[PDB]
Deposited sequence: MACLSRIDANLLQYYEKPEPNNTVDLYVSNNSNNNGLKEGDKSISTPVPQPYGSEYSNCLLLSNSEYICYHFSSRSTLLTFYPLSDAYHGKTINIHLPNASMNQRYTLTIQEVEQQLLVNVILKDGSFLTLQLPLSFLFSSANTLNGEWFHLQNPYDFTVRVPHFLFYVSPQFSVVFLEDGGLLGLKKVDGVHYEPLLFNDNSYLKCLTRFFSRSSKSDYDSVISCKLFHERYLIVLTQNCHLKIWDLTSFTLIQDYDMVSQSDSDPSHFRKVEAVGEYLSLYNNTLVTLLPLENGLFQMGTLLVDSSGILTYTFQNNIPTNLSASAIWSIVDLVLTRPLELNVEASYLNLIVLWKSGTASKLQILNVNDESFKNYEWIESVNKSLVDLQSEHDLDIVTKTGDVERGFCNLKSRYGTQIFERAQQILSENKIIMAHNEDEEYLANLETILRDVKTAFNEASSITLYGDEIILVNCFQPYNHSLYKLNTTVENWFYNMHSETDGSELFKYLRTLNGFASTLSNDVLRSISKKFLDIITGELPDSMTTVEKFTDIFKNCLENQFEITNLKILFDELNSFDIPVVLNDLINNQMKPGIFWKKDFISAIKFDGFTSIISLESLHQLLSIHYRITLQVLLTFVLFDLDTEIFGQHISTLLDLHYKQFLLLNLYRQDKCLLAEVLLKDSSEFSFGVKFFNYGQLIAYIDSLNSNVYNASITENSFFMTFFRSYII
C-alpha cells in the first residue's frame, strides 16, 4: 500500500541558534505559502510569503544556516495572496512581480549574486512601483507569468487583461476580446451580481503560445496569444455523469491542473474525486478518461499541489506517466502518486505513502525503546535534541505566554505540557504548502514554517515490509516470517523489550561473562526478562507459524542480502564540493529510519532464539552476527539522539573522498548513499582498545 516514507528536514536542526546569523531586511517604499525554485547555479532557493502577504523571505535550501536569508518587507499586502505574485529568473536575476492591494504593480529585481553573497546592502533599483491599469473598479485576482516582458492578469469578474513590457520597466494593458459577458442578457446572470462570475482558478502556458485556463465552473477555455482570441471552450463536467445534485463551483484559485508534455490532467469537484486527463494536439484538447480518487472518511481533503511528470521507479514496471498529488486536511497531509500504465488513461494504480515520519510515529505509538529514560532534565535533553532549537524555543514561548511556568527542577507536570506543545508546534511548522521536484525525481514538500521541509523517500524492500506489516496480502516468505515475528514481539511491553535489548548488549560488553555458554545467557535473559511476561497462548501462535518456515534459508536472505549491505566499487555518489546542509540532514534522518527498522527486526529475531530451542551451534554464526548488528544499531541510534550534529560530523568525516557531503539526484542514488552509510556503520570496529575507550562507551551507552 505505502511505497514512500516521510523524512522531515529542519535545516537548522544541527545548530543552537534557531535563526541564521546572516539575515538581511530590505524595505520597500512566512507561514502562508512556500516553494522552492531551481536557478542557474543549480542551487535551490526557498521563498515564503508571510500570512499577511506583506513579507517575502528568501534563503538557500542547501545553506540555510550560514547562507543568507533575505526578508523583503512590503508597503501593503498583495491583492490576492501568492496568487497575485510571480517569481521567475530572467537573466542572472530573481524577477518578482506583485500586484499589491491598493492596485500597484511592484517589480522586484534581486541579483542572483546578492542572494548568495555576504552583502547586507543592495545597490541600484531593486524595485519599481507602477500603476498600469485602474484596479479600483474591476479587481484582479490572479497574476500569470508568460515571458520576461509579457504576462496576463485574471479578473474577479472574468476578464483577462494583458500586460506588455515596452522598455524594461513599464507595462501597458493589451486587452483581449471578451463576449462571455453577454450572458447577462439572460434572466440567469446579472453583471451587477456578486455571483454569476466564472473567473479563472488555474492557468498553464502551453507551447509558449496557448494559454490553457480553468474557470470556477470547470470550463476549459483555451486562449491563443497570437490572436488574443478565445480558441476553445470545453465543458469539463458534461462528460462524466451529469449530477444535477451538486457540482462544487471551485470557490477559490488553486492547483487544479498541470501538464507534462502534451498531456494535461484536471481536478474536478465530485466529492473532491475527479482527475480528468486528455491530450492537447495540433489547437485541440481531447478527452481520455476520468480517474476518480481513492479518498474516504467523508473525503475532506483539499488539493495543495499536484505535479504530472515522467514515471518513477515504483513497484510496478507497467508505467507511462506519474501524477504526484498532495492533499491536506488541517495540518495533516496526504501524498499519493497516480501511476498510469499505458497511453490509454484507463489502466492505472494509486500509490500511497506514510504521512508521519518514523520518529513521529514511534513517539505517538510508544514504540521507542532507545531514548534514555529517568530524570526530568533527561526528558528535557531528549525533547530538545529530538525537536531542534527553532521548535523547542517556540514551544517554550507558547508556554510562558500561556502562563505555564516551570515550578522546580522536577516539575513533571510541566514537561508533560512541553510534550504536547512541541508536538503541535512541529505539526504547525510542518503544514504542507507545495511540491518541489528536487533533482530529477525527488518528491519534496515545502512547509509553512521556514527552514522546514519534508522529503518523501521511496522505500527499500525491508522498509516496505516494516511499513506494511498489517496489509501485505501476499508477500515473500521473509515478509511472512518477519510479520509473525512482529506478531509476537508486539504483545510484549516496552520495559520488557528494553530489558532484553540491554541483555543482548551485555553479551557483547561481557557483563554476561564470555565464560557462559550461549544457551546459558539465553537462559539468563529468559528468566530475568521474559518469564511471566507474555501470554503462553501467543507463544503457541508464534511456535506454530514459525514451523512453516525454512528458517535457515529465510535468515540467510535477511542477514546476507537484506540487512547486510554491499561492497562498493564506488557507485557514484556525486561528491559535494561544498557542505550541503540539506542532503546532510536528509541523509542522517534516512540512515536513522533504516537502522531503527533494522533494530526492531534484529531484536525480534534474536528474541526467538532465546525462546525456542534453535541449535546454538547451527545458528551460532547467525546468532553472533545478529548480536553484533544489534549492538551497532543500538549505539548508532543512541548517538543519533545524543547529538545529531556531532554524529553527522563523525559520520561524514568517516568517508574520505566524500568529506564534504554528497549530491543525489534520483532515488537510486539516494538509497545507494544511505545503504552506503549503513555499511560504514556495520563495518565499524567496536573493540575498546584501552580503559579510555571502555570508559567512554560505558558512560555513554
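Engineer: Could you please spell out the deposited residue ranges that have no C-alpha entry in the coordinates?
Structural biologist: Absent from the structure are positions 30-52, 306-310.
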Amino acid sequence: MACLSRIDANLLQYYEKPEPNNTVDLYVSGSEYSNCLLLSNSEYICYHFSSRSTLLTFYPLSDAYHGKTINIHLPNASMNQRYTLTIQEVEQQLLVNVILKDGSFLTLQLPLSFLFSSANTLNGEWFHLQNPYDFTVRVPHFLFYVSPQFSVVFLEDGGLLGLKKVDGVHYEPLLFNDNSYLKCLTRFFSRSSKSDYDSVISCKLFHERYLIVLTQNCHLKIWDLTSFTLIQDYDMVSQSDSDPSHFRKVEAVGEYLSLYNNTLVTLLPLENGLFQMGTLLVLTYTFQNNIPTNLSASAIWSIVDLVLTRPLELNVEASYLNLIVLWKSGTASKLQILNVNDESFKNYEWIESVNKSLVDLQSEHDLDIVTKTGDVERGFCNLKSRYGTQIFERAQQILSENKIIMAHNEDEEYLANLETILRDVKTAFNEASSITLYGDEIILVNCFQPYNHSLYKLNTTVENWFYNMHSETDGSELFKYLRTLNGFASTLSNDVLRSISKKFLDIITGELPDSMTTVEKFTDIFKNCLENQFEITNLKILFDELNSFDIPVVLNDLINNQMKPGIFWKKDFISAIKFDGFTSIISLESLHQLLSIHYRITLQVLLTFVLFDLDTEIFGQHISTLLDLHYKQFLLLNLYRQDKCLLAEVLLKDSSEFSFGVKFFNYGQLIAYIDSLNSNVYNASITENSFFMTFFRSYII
From here on, numbers count along this sequence of modelled residues.
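Engineer: On average, are the C-alpha B-factors higher in 371-379 or in 187-195?
Structural biologist: Result of the comparison: 187-195.
Engineer: Which has the higher mean CA temperature factor in the PDB entry, 163-171 or 108-116?
Structural biologist: Higher mean C-alpha B-factor: 163-171.
Engineer: Could you say which of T625, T84, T608, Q276 has its CA atom at the highest B factor, as listed in the PDB entry?
Structural biologist: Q276 has the highest C-alpha B-factor of those listed.
Engineer: In terms of CA temperature factor as recorded, identify the highest of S454, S434, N556, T229.
Structural biologist: The C-alpha B-factor peaks, among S454, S434, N556, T229, at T229.
Engineer: Considering every modelled residue of the chain and its Cα B-factor in the PDB entry, is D524 in the lowest, middle or highest third?
Structural biologist: Lowest third - that is where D524 ends up once the chain's C-alpha B-factors are sorted.
Engineer: Place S656 in the lowest, middle or highest third of its chain's C-alpha B-factors, as listed in the PDB entry.
Structural biologist: It falls in the top third of the chain.
Engineer: Looking at the entry's B-factor column for C-alpha atoms only, identify whether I351 ranks in the lowest, middle or highest third of its chain.
Structural biologist: Its C-alpha B-factor, which the entry lists for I351, ranks in the middle third among residues of this chain.
Engineer: In terms of the chain's CA B-factor thirds, is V662 lowest, middle or highest?
Structural biologist: Top third by C-alpha B-factor.
Engineer: By the recorded C-alpha temperature factor, relative to the other modelled residues in its chain, which third is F619 in?
Structural biologist: Middle third by C-alpha B-factor.
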